[PDB]
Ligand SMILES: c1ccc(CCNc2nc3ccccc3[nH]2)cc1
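What follows is a single chain, given as structure tokens, in the form solved without the named molecule.
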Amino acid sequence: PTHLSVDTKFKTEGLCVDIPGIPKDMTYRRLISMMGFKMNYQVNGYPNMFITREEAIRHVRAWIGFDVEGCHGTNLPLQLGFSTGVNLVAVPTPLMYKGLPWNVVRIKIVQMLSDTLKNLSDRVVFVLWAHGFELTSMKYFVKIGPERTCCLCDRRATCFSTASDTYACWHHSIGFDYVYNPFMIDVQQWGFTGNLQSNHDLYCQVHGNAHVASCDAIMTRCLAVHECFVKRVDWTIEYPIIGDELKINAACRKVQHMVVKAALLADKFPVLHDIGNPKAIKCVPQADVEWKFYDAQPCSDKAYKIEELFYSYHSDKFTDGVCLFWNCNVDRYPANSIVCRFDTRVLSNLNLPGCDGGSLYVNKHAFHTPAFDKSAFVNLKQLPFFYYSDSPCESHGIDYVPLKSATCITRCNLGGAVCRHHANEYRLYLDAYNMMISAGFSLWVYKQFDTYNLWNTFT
């Protein structure tokens, strides 16, 4: 069992209002055939158009919700909706486009999926809540064949052109008209009771139904994300590198060491309550502080209630010392805290839209994070940038232009002139900091934190 078998049963009950008379006994093999696609007995990397829930999870970056509503069935016009917010109307002859024929519609579909997916995936997985018209309309914009490579590169073929009889990946498809070898999954096969909106609305108040096809496409992908990443968490699935994953993570470790090392020198707390990830290490191992760890896994549903994390009888007195919440999302942080909270609103290739305002951050692993809430930080202030260093002023070993900056907290800057070594480190750390901030991370600290207190650690 590597893939989904074509001889697997397909529950057709969700299809008999668009397709009345549909046989109850149905397989994926018969379904694909009914849809207008001939598989020719090809053993060439595309065993089935439909995929498993496990394969859908491994390729979540490729998910695009898809819904088709009959505006009036090859006689009446159709409204095609995608989780990108696009609405295309096809005539057989939230971006609501007017009625145009299929030969122009398929060109817009290729453009759209390619621009959306080229920096996320090698494929498209159409997430469906199948009623009938979406499966029957695929023959109008989808070509299937053996697995292929791009005509201009080595990435797998995701598009095909009838004008030039060639195949292309998502990056080299300009002008292409057919969606080559797509993937799909039907959420109704996962055994839900009730209609799409009832099931979606049980866990999400952000996506509202309007009746347009794109609203259903959005609710479908959202519901599929909740099922596979909110109420089900598989932290063993690793995801490929598609951006600055290595630098974002490397930057977060440098910023964590820096921010925590300085908080301990500035306010000399006797104890540090490290709340979060059960696999954590002391980010500042040479600190005098008493480091006490408390296990808490990345919540995907709702943010942790600080009342359930602490209270119920551990230092018990968390108000003693400082609390470190590094990516441990709570409802309202205590005033004596240092916090790194990922901002779910951030626009990036690593951040995919999620469920109930949350987002699915995929970087080595998929972490669905609850919606960013500015009110969680009422007892804290934003952490200002600063570079602190106690290291000796010695160059060892890249050209130089004098560094002038107040936020470079070093012995040389105290003594009136930054050395080359610390100026290199300041700019390197400033880029690691800028990297993490733009990736969506936000830093918060107790109101009494003052960098002026770091200068007296040089005597």
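The first residue of the shown sequence is 1; numbering continues from there.
- According to the entry, the deposited sequence has no residues without coordinates between residue 193 and residue 194, so the chain runs continuously there.
- Here 398 to 406 and 430 to 438 are compared by their mean Cα B-factor, and 398 to 406 comes out higher.
- Taking the mean C-alpha B-factor of each stretch as recorded, 37 to 45 and 50 to 58 are not equal, and the higher mean is that of 37 to 45.
- Taking only the listed residues 152, 125, 258, 217, the entry reports the highest CA temperature factor at 152.
- Annotation for 81, 132, 357, 99: 99 ranks highest, by Cα B-factor.
- In this PDB entry, the Cα temperature factor of residue 379 sits in the bottom third of its chain's modelled residues, the lowest group.
- Ranked within its chain, residue 27 lands in the lowest third, by CA B factor from the PDB record.
- Annotation for residue 64: C-alpha temperature factor in the lowest third relative to the rest of the modelled chain, per the entry.
- Per-chain ranking of the deposited C-alpha B factor places residue 173 in the middle third.
- Sorting the modelled residues of the chain by their CA temperature factor places residue 162 in the highest third.
Below, we turn to the form solved in complex with the named molecule, even though it does not appear here.
- Classification of the binding site as blocked follows from the superposed pose of the named molecule in the deposited complex: three or more of its atoms fall inside 2.4 Å of backbone or C-beta atoms here.
- Although the named molecule is omitted here, in the deposited complex all of 273, 294 and 309 have a heavy atom within 4.5 Å of it.
- Checking 124, 323, 223, 159 for any heavy atom within 4.5 Å of the named molecule in the deposited complex turns up a single hit: 323.
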